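So this first bit is one chain, no partners, the form deposited in one PDB entry, shown in structure tokens.
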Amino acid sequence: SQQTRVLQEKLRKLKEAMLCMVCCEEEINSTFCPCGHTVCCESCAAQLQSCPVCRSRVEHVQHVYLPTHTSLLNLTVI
């Protein structure tokens, strides 16, 4: 149904938005500090001296737990 398709798309897009913008594989779990952009996994974040979104200097990387990381989700990556 249209209803199921649209809902499935919204869920798909949310899950994709939780993936690292560099490797597109690992979940985002790192915040660039001070700027606050939260777009990389730890391994990809480690290779950046400036934020890829805003180009602010990265003073340090803070580990984070995205609030949408839930066992409710099936978080398959093809």
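Rigid core here is just the name for the largest C-alpha set that superposes within 1.5 Å across the two forms. Residues carry their position along the shown sequence, with the first being 1.
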Comparing 7-15 with 51-59, the higher average Cα temperature factor in the PDB entry belongs to 7-15
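The following text describes the form deposited with a small molecule bound, which does not appear among the structures shown.
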task = Note yes or no: does the Cα of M18 move by 2 Å or more between this form and the one not shown after the core is superposed?
result = no
Q) For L66, is the C-alpha shift between this form and the one not shown 2 Å or more after core superposition? A) yes
